[PDB]
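Novice: with the input below, show me the fold.
(3 chains, ligands or ions: 1)
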Amino acid sequence: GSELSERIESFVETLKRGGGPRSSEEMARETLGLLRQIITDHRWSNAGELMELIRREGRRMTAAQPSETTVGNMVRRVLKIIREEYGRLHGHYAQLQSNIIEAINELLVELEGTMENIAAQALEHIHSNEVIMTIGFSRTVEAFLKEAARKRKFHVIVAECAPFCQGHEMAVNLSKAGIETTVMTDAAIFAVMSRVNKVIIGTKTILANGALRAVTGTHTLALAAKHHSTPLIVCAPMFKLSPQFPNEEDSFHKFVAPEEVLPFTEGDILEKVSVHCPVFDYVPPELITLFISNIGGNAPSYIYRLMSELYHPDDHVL
Amino acid sequence: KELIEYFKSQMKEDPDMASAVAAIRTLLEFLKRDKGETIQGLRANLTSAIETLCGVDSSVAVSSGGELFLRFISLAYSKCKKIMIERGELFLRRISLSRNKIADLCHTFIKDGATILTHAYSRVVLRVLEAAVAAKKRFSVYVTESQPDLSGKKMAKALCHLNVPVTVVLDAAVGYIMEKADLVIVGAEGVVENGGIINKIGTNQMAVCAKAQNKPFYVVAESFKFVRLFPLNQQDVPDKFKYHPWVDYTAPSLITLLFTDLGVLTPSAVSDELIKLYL
Amino acid sequence: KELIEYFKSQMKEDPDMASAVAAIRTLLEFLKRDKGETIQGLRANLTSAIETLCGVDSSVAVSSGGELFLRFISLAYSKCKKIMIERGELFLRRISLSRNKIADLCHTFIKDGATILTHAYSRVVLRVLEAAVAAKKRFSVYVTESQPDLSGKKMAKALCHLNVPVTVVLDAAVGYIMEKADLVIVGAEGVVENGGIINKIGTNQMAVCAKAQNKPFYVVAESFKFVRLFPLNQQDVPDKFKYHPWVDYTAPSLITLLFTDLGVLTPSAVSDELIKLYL
Ligand SMILES: O=C(COc1ccc(Cl)cc1)N[C@H]1CC[C@H](NC(=O)COc2ccc(Cl)cc2)CC1
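Specialist: Numbering: from 1, shown residues only, chains lettered A, B, ... in the order given. Shown next is the protein structure:
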């Protein structure tokens, strides 16, 4: 009853104010648990009313934070699960609900295996004495690299992300496992690119065009890789896949307080200058060489088929 | 004959009508009129209609329609044709909603305050621009004059009624104006397997300049234009469709996205659709 | 006035004559007729002639000539003008032998059995092709129709008298025929510092397609066409020379070599010549 309502609220405000939970895998787990509790703790008999209330609460979620697309695309995954179950039972009400629940359960148990799947897949993409470059921080990519390091020796060049220098803690984490790690400013990306073999980077969201929304500055790294023709690898699980297209959407970049870019102590100039701090940026699919997912490697030119396999095309608007 | 004049008057019937839709209408009425009740004899009359209709008109769109919907009807013995006419009627309905779906999926890709750059007159581009301006979007438009048949002037006249600033440009001036165009939208006359488009003569220049300036190159086309051809160079295209050529080929290397009734598609997806359809 | 009608009749005098040569002739006779014996007053009459002559004609070639040869004569007080007229006469002689030198250096770069691809009519391209065919060389020729002023038809007519197969093509069909052309030869209307050329509207398309197919892009021009401009994009070129534009800019990135009376030059060398000449 009101527990469900206040938990939905709590989650909405946690998504709105700050980043909670930090890992987007934990965010997917939390939103899936909440969707399960909603579909269990409501008086819905027909699948249509359930889908409608799910779409409404998902609209509220998406309005809470548009840049966090995992919640929305997993809501769409739940909607596709409901559609599949209704087609199975109609192409049956209690069995409907329990079958939806076991579908969500299998989705959740395969959710925690994507990390291990990518880690296992990592070995056949790294050779000895290779030079990797990565930008920012990504749990999936550091797991990739520290799993490849157990049987291979290679160098990782971590380009810090300004202003949020998450790349520093990533470099430290990689050095923990003895992965020879060079830390540099993002300004030195093109200067060092000539000596890099591969580029491995995570992402926040993959669009239907194949493009991906990743931390700012990664588009420049992709342009450098394309200039030097080095393969650019994206190790992104299959819950960051978003059916929306690049310019049919709104609110792509996430702008945070310019205090991160230019501090308050600069004084009077802060009334004359316009400071901008875009967290995310757009990378076209032409600059991506290969996508690594929990199922296996795939070219950017197959992400649309993955969409068709994951999301109903009438649910791309929620 | 009987199909030649009906196709001609269908062109006369609706000057605001495409040629592939007229072709499917003519073939539907041809199959519904002669009453050919034969398992194998029906296909003879069909291909006779198709060869006649693309002999009168040298469009790749007409031939592609012909092929795809003749397969569709053949994929449907007395009850065979009885259900085949049903499936043809619903095919016509889907092909009618084609262009509205195309406008209402692609009108959202034009960021307002931008500058559209378009080749010769095309109904799909006009429809999507009408949908965009109906959504309260202001933008400038450059149109190529289409020297062989001055369809650029016709496009400019048609778009001036839509209350938008249109500046028809010279055929060879796209290289000059390409830096002033935020994007390029062209209506394909036919879509080859790999994703390329066999469109009017200057569309390839458009795409090459787009790649010379990284400008997005957008294409809008109906799915009945999906033809199963694979040209490697300009000469590899069928010569019948070229007739001083009239229609040339553009590689999918130069195309960003395709806006069809099947949704927005990567140039890679059209081959998926075609091999799922199995020619 | 006095220069307007003389320039007009010089155009009438020799329909087989360039405009920059006519401009230098008119300015030479203007300086030789008025008898301006002043250290600083002479330059006023000079620049008056130059501004008048590029006000009547919107060519970058005329203005470039004007600038370079006004500096040349000024680089030459009673004996000043007495030697300046000498140096002007020898300048005219060199500018006359310009085109013959250009033909007889560049006619050897056309491998026989190849296919020349040319933009609108130009005297230098015609001269080099005449020199090549005089050397017993057979080749095919495609010419762009030059839609604004149909100079492609004129080039085709002029080259048909030379006993060579010429096939004037459409303005937007170069993208279609670029794979059938072994090389591209275009006569520049003006050469900017970096090596680019400010030529007719479709020359930039020519060069971009050449880079799209690695085909050699050759340019032939006289050294009196070397103008001291540096446009970054199409709009950066002076608007007076553009007059629907008439002449656009092509980056040296897209040009292979330049065939001037100073020998074959890399697009890098023209800036060397210009900074040695010091504008
Ligand atoms: O030591 C490093 C560290 O590299 C960087 C560290 C930091 C920065 Cl800023 C940039 C680069 N990298 C190695 C990577 C292998 C290479 N080459 C070899 O070991 C031999 O390479 C071969 C040998 C044979 C073939 Cl067929 C190909 C390459 C030496 C340098």
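Novice: contacts and neighbour counts: CA atoms only from here.
Specialist: Noted.
Novice: which residue is nearest the centroid of the chain?
Specialist: Answering for chain A, as no chain was given. The residue lying closest to the centre of chain A (C-alpha atoms, centre = their mean) is residue A:204, at 3.1 Å.
Novice: the intended chain is chain B.
Specialist: residue B:189 (3.8 Å).
Novice: give the helix, strand or coil label for that residue.
Specialist: Secondary structure, DSSP: H, G, I helix; E, B strand; the rest coil: residue B:189 is coil.
Novice: name the residues of the stretch 1-150 of chain A found near the ligand, please.
Specialist: The interface of the stretch 1-150 of chain A toward the ligand, taken as C-alpha under 6 Å from any ligand atom, is made up of A:129, A:130, A:131.
Novice: in the stretch 1-150 of chain A, which residue sits closest to chain B?
Specialist: residue A:76 (17.6 Å; C-alpha to the nearest C-alpha).
Novice: what residues sit buried inside the helix or strand that that residue is a member of?
Specialist: Assigned by DSSP states H and E, residue A:76 falls within helix A:69-90. By neighbour count on 16 or more other C-alpha atoms under 10 Å in any protein chain shown, the buried set for helix A:69-90 is A:69-86.
Novice: swap in stretch A:159-174?
Specialist: Neighbour-count burial for stretch A:159-174 flags A:159-162, A:165-168, A:170-174 (criterion: 16+ other C-alpha under 10 Å).
Novice: residue contacts, residue 155?
Specialist: No chain in the question, so chain A it is. Taking C-alpha atoms under 8 Å, 6 or more residues apart in numbering or on different chains as the criterion, residue A:155 is in contact with A:129, A:130, A:131, A:132, A:179, A:180, A:181, A:182.
Novice: actually, chain B is the one I wanted.
Specialist: B:120, B:121, B:122, B:143.
Novice: how about the helix or strand hosting it: buried residues?
Specialist: Using DSSP H and E, residue B:155 falls within helix B:151-160. Within helix B:151-160, the residues that count as buried by 16+ other C-alpha under 10 Å are B:151, B:152, B:153, B:154, B:155, B:156, B:159.
Novice: dump these to JSON lines, plus distance to residue A:29.
Specialist: Supplementary listing: the buried residues of helix B:151-160 in JSON lines, determined by distance: C-alpha to C-alpha, whole Å:
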{"residue": "B:151", "distance to residue A:29": "56"}
{"residue": "B:152", "distance to residue A:29": "55"}
{"residue": "B:153", "distance to residue A:29": "58"}
{"residue": "B:154", "distance to residue A:29": "57"}
{"residue": "B:155", "distance to residue A:29": "53"}
{"residue": "B:156", "distance to residue A:29": "54"}
{"residue": "B:159", "distance to residue A:29": "51"}
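Novice: let me know the closest of these to chain A.
Specialist: For these, the nearest to chain A is residue B:159 (23.3 Å; C-alpha to the nearest C-alpha).
Novice: correct me, but the closest one touches residue B:127?
Specialist: No - applying C-alpha atoms under 8 Å, one finds residue B:159 not in contact with residue B:127, separated by 10.1 Å.
Novice: what residues does the stretch 101-250 of chain B have near chain A?
Specialist: B:108, B:109, B:111 (C-alpha under 8 Å from any C-alpha of the partner chain).
Novice: can you say which of those are buried?
Specialist: Neighbour counting with 16+ other C-alpha under 10 Å marks B:108, B:111 as buried within those.
Novice: for residue A:142, give me its contacts.
Specialist: By C-alpha under 8 Å, 6+ apart, the contact set of residue A:142 is A:170, A:173, A:174.
Novice: OK, contacts around residue B:209?
Specialist: Here residue B:209 is in contact with B:174, B:175, B:178, C:205, C:208 (C-alpha under 8 Å, 6+ apart).
Novice: how about residue B:125?
Specialist: When contacts are counted by C-alpha under 8 Å, 6+ apart, residue B:125 touches B:103, B:185, B:186, B:187, B:220.
Novice: same question, residue A:40
Specialist: Residue A:40 neighbours (C-alpha under 8 Å, 6+ apart): residue A:97.
Novice: roughly how far apart are it and residue A:50?
Specialist: Plainly put, residue A:40 is 10 Å away from residue A:50 if you go by C-alpha to C-alpha, to the nearest Å.
Novice: check residue B:144 too.
Specialist: Applying C-alpha to C-alpha to residue B:144 and residue A:50 gives a distance of 52 Å.
Novice: same question for residue A:255.
Specialist: For residue A:255 relative to residue A:50 (C-alpha to C-alpha), the value is 35 Å.
Novice: so the two - more neighbours on which side?
Specialist: residue A:50 (18 against 13; other C-alpha atoms under 10 Å in any protein chain shown).
Novice: all helices of the stretch 101-250 of chain A, in order?
Specialist: Under the criterion DSSP state H, counting those that start in this stretch, helices of the stretch 101-250 of chain A are mapped to A:113-121, A:139-148, A:166-176, A:189-193, A:218-228.
Novice: tell me which of those helices sits nearest to residue C:258.
Specialist: Closest to residue C:258 of the helices of the stretch 101-250 of chain A, according to C-alpha to C-alpha: helix A:218-228, at 28.7 Å.
Novice: show me what contacts residue A:292?
Specialist: A:118, A:233, A:234, A:235, A:236, A:237, A:298.
Novice: who touches stretch A:46-55?
Specialist: Under C-alpha under 8 Å, 6+ apart, the answer for stretch A:46-55 is A:35, A:39, A:44, A:75, A:79, A:82, A:86, A:93, A:318.
Novice: now the fourth one, nearest residue through space, not along the chain?
Specialist: Read that as residue A:75. Leaving aside its chain neighbours, residue A:75 sits nearest to residue A:58 (6.3 Å; criterion: C-alpha to C-alpha, 6 or more residues apart in numbering or on different chains).
Novice: what about the one you found, neighbour count?
Specialist: Neighbour tally, residue A:58, other C-alpha under 10 Å: 21.
Novice: quick one: contacts for it?
Specialist: A:72, A:75, A:318.
Novice: which one of the residues you listed sits closest to residue A:140?
Specialist: residue A:72 (20.5 Å).
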